[PDB]
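Next up: a single chain in structure tokens, the form deposited in one PDB entry.
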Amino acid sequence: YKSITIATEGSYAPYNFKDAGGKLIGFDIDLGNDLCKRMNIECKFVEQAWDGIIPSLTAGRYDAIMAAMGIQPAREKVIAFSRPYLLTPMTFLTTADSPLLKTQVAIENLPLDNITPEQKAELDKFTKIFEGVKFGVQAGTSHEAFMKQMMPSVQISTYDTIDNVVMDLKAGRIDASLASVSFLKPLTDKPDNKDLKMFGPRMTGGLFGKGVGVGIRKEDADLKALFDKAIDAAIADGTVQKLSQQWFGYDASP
């Protein structure tokens, strides 16, 4: 390999978004540039809307995806992933004045790979509390998949970007959402968002899979091996931890 093109979305801060000059910035951009230097490959980042990001990769419009993409079983049917470069659970989001905040969380860390009756009881409790509450999620994400598969009785609206979800939650058009802690912690830590709060169980596994990874075509085994070696080195030397603290305000490195 000499040169590759990496697609990102550009609407998911602090992983990938646009600066004041319209340039793509964020953890995925800084990490991608560091990995390419390690691989001795020239890389160019390009913006791609979330809906077509996977088919444009398999159609050969670019060589990899770094766009806060969870390594999840459904996507693994279509593309390959590097080993994870970040780990994060998933949790809920509402407004700081919401009555939803008073709900007792019986299971703080809720793994979904093998749901026990106790874990199902906790998911069912939140489903019942959420029935009547209007949820908003970004379309085409594990957030949408979780609500449709695990909480089908809850009213959901899907959005083109997570930015539009947050806009509608702030405006009171929706009452709650779901996303990773890696997205929600920096969002709620901003003084701009003192009116927003994370809540509920922190979920992992199941349809969410594990980790955030670089999406690569299945046939590109050598490119996956190059990324895996570079990611292992960036984790080992503390680069991923450094970038995670810079962008997220905490260490989400594997």
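Numbering starts at 1 and follows the sequence shown.
There is another form of this protein, the form deposited in another entry, and it is not shown here; the text below is about that form.
Within the set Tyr159, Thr88, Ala230, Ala67, the hinge between the two rigid parts that rotate between this form and the one not shown is located at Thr88. Put simply, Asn109 and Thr239 come closer in the other entry: their C-alpha atoms are 3 Å or more nearer than in the form shown. Shown here is a form in which the CA atoms of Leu110 and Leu86 lie at least 3 Å farther apart than they do in the other entry.
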